[PDB]
Amino acid sequence: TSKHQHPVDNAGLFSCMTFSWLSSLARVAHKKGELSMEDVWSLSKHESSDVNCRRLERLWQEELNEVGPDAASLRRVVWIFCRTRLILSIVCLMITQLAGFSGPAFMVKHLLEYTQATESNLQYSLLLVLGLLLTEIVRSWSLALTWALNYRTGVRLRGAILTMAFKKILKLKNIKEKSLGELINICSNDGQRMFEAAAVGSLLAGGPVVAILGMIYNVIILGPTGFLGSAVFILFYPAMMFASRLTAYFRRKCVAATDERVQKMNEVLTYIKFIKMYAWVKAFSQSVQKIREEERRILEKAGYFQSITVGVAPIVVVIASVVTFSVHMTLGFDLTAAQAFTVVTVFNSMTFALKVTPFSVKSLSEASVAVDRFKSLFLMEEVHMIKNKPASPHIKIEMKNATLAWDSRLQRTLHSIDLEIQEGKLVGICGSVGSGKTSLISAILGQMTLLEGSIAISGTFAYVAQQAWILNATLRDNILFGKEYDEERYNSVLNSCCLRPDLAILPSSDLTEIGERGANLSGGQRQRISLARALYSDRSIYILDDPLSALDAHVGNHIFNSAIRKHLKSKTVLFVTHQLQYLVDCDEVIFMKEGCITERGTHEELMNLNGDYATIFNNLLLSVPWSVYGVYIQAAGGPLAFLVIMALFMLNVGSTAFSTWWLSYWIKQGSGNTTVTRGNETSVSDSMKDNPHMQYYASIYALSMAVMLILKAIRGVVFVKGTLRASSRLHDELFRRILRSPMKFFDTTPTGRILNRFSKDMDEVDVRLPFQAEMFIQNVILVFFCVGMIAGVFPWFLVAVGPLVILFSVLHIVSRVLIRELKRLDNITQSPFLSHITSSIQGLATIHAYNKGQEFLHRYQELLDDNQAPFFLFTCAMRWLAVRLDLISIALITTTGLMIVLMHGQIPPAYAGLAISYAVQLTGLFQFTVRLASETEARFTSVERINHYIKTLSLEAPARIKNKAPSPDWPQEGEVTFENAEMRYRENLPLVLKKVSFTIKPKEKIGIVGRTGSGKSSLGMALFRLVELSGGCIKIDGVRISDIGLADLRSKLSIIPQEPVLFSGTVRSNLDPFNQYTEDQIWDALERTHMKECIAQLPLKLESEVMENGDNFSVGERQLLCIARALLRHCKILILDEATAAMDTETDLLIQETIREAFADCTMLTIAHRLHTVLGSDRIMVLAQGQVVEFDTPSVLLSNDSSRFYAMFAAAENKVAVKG
Amino acid sequence: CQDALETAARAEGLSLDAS
C-alpha cells in the first residue's frame, strides 16, 4: 500500500469503463511475475473506513431518532447510504440492456433482410456493420461502467458496516449474550455479504426488462406465436430453480454421510496402533466401505441434478426456437430467414440476462439476512463507565446505601452497600461463592445499573482478570499495552512478577509471539504477565480479582510481599481473593454475606468478634503438470473413459448445433420448385408453406429437440458416474495404502494431515472437481462449435480468428499472473484482521477496564483498509479481463457481419442468419472459460496432493510369511525367552533394548517396573512385531517369532492398553466385530468381569449404542468392557499395561482381584509403575535404561538393602508417608 | 451449495467463493 492519490480518482470516463490503471498494474505484475503488498495502492480517501463509518452512523442515528429503536429499518439506512450510486448504476445498466437488445434485434434484422434483397448497396450494409460494432462497444463499456460503480459502492458499504459493527461490539454490556463465533462472523463475512449484495443486486435490477423487451419484439415480428417462445422461458427457469433446490436437498444428506465417514476415519487413524495389535484392520475397512458407498450414492443423486442444471442456455434457445417455429409453420403461417434468426438472436440475449439475474436474487436474500443480524447487533445494550465524581479527592470510590441488580430483567444481588475506600488503603474482599464480590467488581467497573443511592468514582483502572487475557502479540508488546518504553521501570516490573525463569525458558522470551489464549504458557505465567501489564500501566485504581489463585503458594506469597506490600502502598488496590490467609497484613478487610454487609474492620477485631469470618478463619488453619491430469484420467478409467465423455459432450453440443442448422436448412429449401395456382395464372412461388415436404422438416425439427434433450441426460449421467468412479478409485487406493503402512509413518506424520487428505481433499475432489470440469468442458465445446459453424459458413472467419486466438492466449497469461497474485494478497492481509478480531472479542472486559476501546478500533480500521485495497484491485481485475475478452468477442461479431455483407448474393440468407446467430452467441463465453480453467487447476492441485500421498506411502511386512504356519496348537505353553535383544524405534535413534536376555516360565506373573524411558514400553511393541528387531531373536517355546506371519502372531496374543479404546457402534461391535463366538461365551466373560447385570439391564443389552470413546459408561465400566474384550480371545500370554488412571479405591481393588483371578492360568506381563501393586507377584523385573540388573522374587529383593528395587520401594514409601 | 446458475453470474466479476 503506497500511493498519493489512487489511480481510480485520476481516471476519466474511458479509464473507469476500461480499467487502464489496472492495466498498468497488470503490466507490472506480469513483468515481475509476482506482486507484493507494496506494489498495490492504498485505499482512496473515499473508501476509507472512518468517513464511511461516520456517514453510516449519522444515517442510522437519524433513523433512530425519527422512528425509534423498535421500528427502525437498517435496510432503509443502507438504501439511503447507497442511493445515488445505485441510481447511477441502474441508469448505466439500463443503457447496457437497451444496447444489448438493440444490437441483435434491429441490427441483425436489417442485416439479414438486406441479404434477402435483390439489389446490392455497399454504403448501407457497411453502415449496418458500423451500427452493430458501435452497439456492441456501447453495451460492453456500459456494463463495465456499471460494474465499476458497483465495486466502489460495495467496498464503501462493507467498510462502513464492519467499522460500525466493531464500534458497537467494543461497547457491549452482555458480552456473552451473543456467541463468539457469531460476533466474529459479524465483522468478517457479513461485510462480504453486503459487498456482493450491492454489486450483484445493482446488477439484478436490469435483468427481467430485456426479457420483456424481447418478448414484445418477438410478438411484433411473428404474431400470436411469439408467446410460444415467451412461455418457454417462463416454464424453464422455475424448473432450474427446482433443480437447484433438489441438488441442495441431496447435498444436505451428503453432509451427514461425509461426517460419518470422516468420524470413522478419525477413529481409524487415532487408534491405529490398537487396531494393528488386535488385527482389526478388516472390520474398520468394511465399515468405511459401507459409509463410503452410501455417501457415493448420495453424491450420484446430487451430481445428477447438478448436471441437469449445468449448461441449459443453448438448450433454452433451442427449445424456444423449436416450439415457436414448429407451431408457427404447422398453423400455415409464413417465415423467412430474417425473422427466424432475429428471434433466435433475441433468445440468446434473453438467456444472457437471465444467466445474470438469479444469483443477484440470492445475494439480495443473503443481504436481508445479514442486515437483520446487523440490526440485532446495533440495538444491544451498551456498557457504561461511572463518571459521578466524589466530594473529597481523598475518596476514590464511594457508594451510599445502594441496591444494584444484575441483568439477564433485574436480578438483585446487592443490598444496602455502604462502601467507602480512601486512597492508599489496600482493601480485601471476603465471603463465600456467590456472595457478591465479582458483582461489586462489575458494579465499580460500570456494568451494573443503579436503583437507589449514588455511586462516586475517580481515577483510571488497571485490570487483571481471573482468566488473564493474553494479547496476540509479542511478550514485550502485551506488557506495554500501548505505553511508552522505559528500561529500568520495565526491568523492575519484570523482577517484581518473577519473570526471569520465564525469560530463560522461552527461546526469545522478550520477542516471542503468544497466542490469543496462550499456546506455550501456563496459567501462573499468564497471571504473572497480566500483573506485569497492570503494574506497568500505572493507573490509580487496581482491580485484581483472585490474582494468585492458580499461582503457587510460595511464588504467590513472594509476589504479594515484593509488589503489593511494597509497590502499591501509595495507590488504591481492590484485592479480591478466596485464600483468606493474605488479609492478616491487609489494611482493611471486607466480608460479604448474601449481598449484605455484616462484619468488617481490622483483623484483630474480626478475631475478637468470633463472627462467620472467624469460623472460616479457623477452618483454613486445619500450477500442476500434465502428470496430475493423466493420473486423474487413469483413475477415471483410462483413455477410453475420457474419449467416451468427450464424445458425449460433443454429441450434446452438436445436437444443439444440428437443431439450429436444420432450422437454417429448412428455411433455405424454400418451396422446392412447386408451381401453384394464385389466380388466373400459375407460377412458381417461393414460400416454405408451399413445400410438399414441410411436415417432414417440422418432424425432424421436433426430433432434433428431443434428441438434444436425451443426449443431455445421457451426458450428465455418464459424466457423474465417471467422475465419481475416479474419486472412488482415489479414495480406495489411499485408504488401502494407509491401512498397510508401518507405524513409522503414523509417528513421523500427524494424524491431522492424513485426515485432511481424507476429510477435505476427498470432499474437494468429489464435489468440486466434477462441477468445474463439467462447466469448463461445456463452455469450451460450445466455443469450438460456434467457431466451427461460423467457419463452415466462412473460412476467412478462421483467417481473422487466428490473431484473436493469439490475443486470447496473451490475455489469459496476463490475467492469470495478476488475478492470482491479488487473490493471495487479499487473504494475506486478512489473517491479521481476523487475529485482531478474535483477540479483541476474547478480551472485551479487559479492554473496557483499561479504556482502550479507541486504540483497538483504530487498529481494526487500519487492518480493514489494508485488507480492502487488494480486494478492490482483485474485483476490478476481474472486470478488466472481462472488458478485454468482450473486445475480442466484439471483433468476432464485427468480422462475421462484414463477411455477411461482403458476400451478398453468394450466401443464402438462412446460412448468414445461422452464422450471425452463432457469432452473437459467442458473447460472454471467454471470461467463464478463463475463470473455470483456473478453478479446475486448483482442484487438480488437490488431486496432486492426494496422488502424492497415494504413491508416497511405504509398505509394512506381508500379511503371511513364507516361513509358513508354526503349528495348529502354538503356543503349547507360556515359556518365553529373550537373548541379545536389540531394538530401536527409528534410524539414528538410541537403542531402547541393549542386550536384554531373560526367561519366563509359564503361568508366572511378571511385573515390569522401571524408570521412564528404561524400555518398559518397548516389550509390547517388540513382542507384537510393530517394529522389527535390529539384533537378537525372540523365542516362544522354542519357536522364533521372526519366522511366523503377522496374522498368525497377533491372532494368539492379547493386550490391554493403558487407556480404554472404544469405537463408535454397539457393544457387540466393540467386543467381537467378526462374530466368532457364541452368546454363552460372551455372557460367561461378562459375568466373569462382573458385567452381566449392567448389560442385561439395558433395553438393547448386546446391541446398545456405544458413543465415541464410550462416554456413556463410567471409567470402571469401560475398563471392565476392555478386560472382557481381551478375555473373549482366550490367549495364553497377555500384556496388561498400567490400567491405573485416576481410579477410586474399591474399584481399583475390584479390578485388581478380577485380573488376578481371570488370568490365573495365563502368563501375565504387567507393565506398571506402582510398586505397591506389584508386590506379591512371582518375579520383579527392573529395567535400567535398556538393560536389566535385578530379576528375582521380591522377597529376596526387599530383604537386601543394596537392592535397587528395595531402594525405589523405600523411596515410594517415603513419598507416600511424607506429604507433609 | 454452489450452483451452475450462481457460478455463471458470479464468474462475471465476483469471486468464486460464497464463504
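Numbering of chain A is taken from Swiss-Prot, so the residues present carry the numbers 94-501, 573-786, 840-1437, in order.
Header lists the method as electron microscopy, 2.9 Å.
Backbone N, Cα and C define each Cβ position, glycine as well.
In Swiss-Prot this protein carries:
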| type | residues | note |
| --- | --- | --- |
| BINDING | A:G595, A:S596, A:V597, A:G598, A:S599, A:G600, A:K601, A:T602 | ATP 1 binding site |
| BINDING | A:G1227, A:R1228, A:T1229, A:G1230, A:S1231, A:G1232, A:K1233, A:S1234 | ATP 2 binding site |
| DOMAIN | A:179-459 | domain 'ABC transmembrane type-1 1' |
| DOMAIN | A:859-1155 | domain 'ABC transmembrane type-1 2' |
| DOMAIN | A:1193-1427 | domain 'ABC transporter 2' |
| CARBOHYD | A:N494 | N-linked glycosylation site |
| CARBOHYD | A:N636 | N-linked glycosylation site |
| CARBOHYD | A:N684 | N-linked glycosylation site |
| CARBOHYD | A:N890 | N-linked glycosylation site |
| CARBOHYD | A:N897 | N-linked glycosylation site |
| CARBOHYD | A:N1044 | N-linked glycosylation site |
| CARBOHYD | A:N1329 | N-linked glycosylation site |
| CARBOHYD | A:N1417 | N-linked glycosylation site |
| TRANSMEM | A:179-199 | transmembrane segment |
| TRANSMEM | A:219-239 | transmembrane segment |
| TRANSMEM | A:296-316 | transmembrane segment |
| TRANSMEM | A:317-337 | transmembrane segment |
| TRANSMEM | A:400-420 | transmembrane segment |
| TRANSMEM | A:434-454 | transmembrane segment |
| TRANSMEM | A:608-628 | transmembrane segment |
| TRANSMEM | A:848-868 | transmembrane segment |
| TRANSMEM | A:917-937 | transmembrane segment |
| TRANSMEM | A:997-1017 | transmembrane segment |
| TRANSMEM | A:1018-1038 | transmembrane segment |
| TRANSMEM | A:1127-1147 | transmembrane segment |
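Known features from Swiss-Prot, placed on the structure.
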residue: A:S596; record: ATP 1 binding site; Cβ neighbours (10 Å): 14
residue: A:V597; record: ATP 1 binding site; Cβ neighbours (10 Å): 7
residue: A:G598; record: ATP 1 binding site; Cβ neighbours (10 Å): 12
residue: A:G600; record: ATP 1 binding site; Cβ neighbours (10 Å): 24
residue: A:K601; record: ATP 1 binding site; Cβ neighbours (10 Å): 21
residue: A:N890; record: N-linked glycosylation site; Cβ neighbours (10 Å): 9
residue: A:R1228; record: ATP 2 binding site; Cβ neighbours (10 Å): 13
residue: A:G1232; record: ATP 2 binding site; Cβ neighbours (10 Å): 24
residue: A:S1234; record: ATP 2 binding site; Cβ neighbours (10 Å): 17
residue: A:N1329; record: N-linked glycosylation site; Cβ neighbours (10 Å): 13
Contact ranking winner - A:400-420, A:608-628, A:848-868, A:1127-1147 against the transmembrane segment (A:997-1017), Cβ under 8 Å:
A:1127-1147
So if I draw a 10 Å sphere around the Cβ of A:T1229 (ATP 2 binding site), how many other Cβ atoms end up inside it?
7
Tertiary contacts of the transmembrane segment (A:917-937), as residues 6+ beyond its ends and Cβ separation under 8 Å:
393, 396-397, 399-401, 403-404, 408, 411-412, 415-416, 418-419, 861-862, 865-866, 868-869, 872-873, 875-876, 879-880, 883, 987, 991
Provide the number of Cβ atoms within 10 Å of the Cβ of A:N897 (N-linked glycosylation site), excluding the reference atom itself.
5
Inter-residue Cα distance where the pair is A:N1417 (N-linked glycosylation site) and A:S1231 (ATP 2 binding site), in Å:
23
Counting only residues 6+ away in sequence within the same chain, which have a CB under 8 Å from the CB of A:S599 (ATP 1 binding site)?
A:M756, A:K757, A:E758, A:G759
Write out, in the order they occur in the sequence, the residues of the chain not among A:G1227, A:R1228, A:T1229, A:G1230, A:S1231, A:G1232, A:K1233, A:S1234 that have a C-beta within 8 Å of the mean position of the C-beta atoms of the recorded ATP 2 site.
A:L1400, A:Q1402
Take A:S501 and A:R573, the residues on either side of 71 unmodelled positions, and give their C-alpha distance in whole angstrom.
6
Measuring Cα to Cα, how many angstrom lie between A:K1233 (ATP 2 binding site) and A:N1417 (N-linked glycosylation site)?
24
Between A:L786 and A:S840 the chain has a hole of 53 residues; just give the Cα distance across it in whole angstrom, please.
72
Around A:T602 (ATP 1 binding site), which residues of its chain at least 6 apart sit with Cβ under 8 Å of its Cβ?
A:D709, A:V740
Other C-beta atoms that fall within 10 angstroms of the C-beta of A:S1231 (ATP 2 binding site):
18
Would you list, in sequence order, the residues of this chain other than A:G595, A:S596, A:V597, A:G598, A:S599, A:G600, A:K601, A:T602 that have their CB within 8 A of the centroid of the site's CB atoms, where the site is the one recorded for ATP 1?
A:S603, A:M756
How big is the Cα-to-Cα gap, in Å, between A:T1229 (ATP 2 binding site) and A:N636 (N-linked glycosylation site)?
36
Ranking A:179-199, A:296-316, A:317-337, A:434-454 by Cβ pairs under 8 Å to the transmembrane segment (A:1127-1147), which is first?
A:434-454
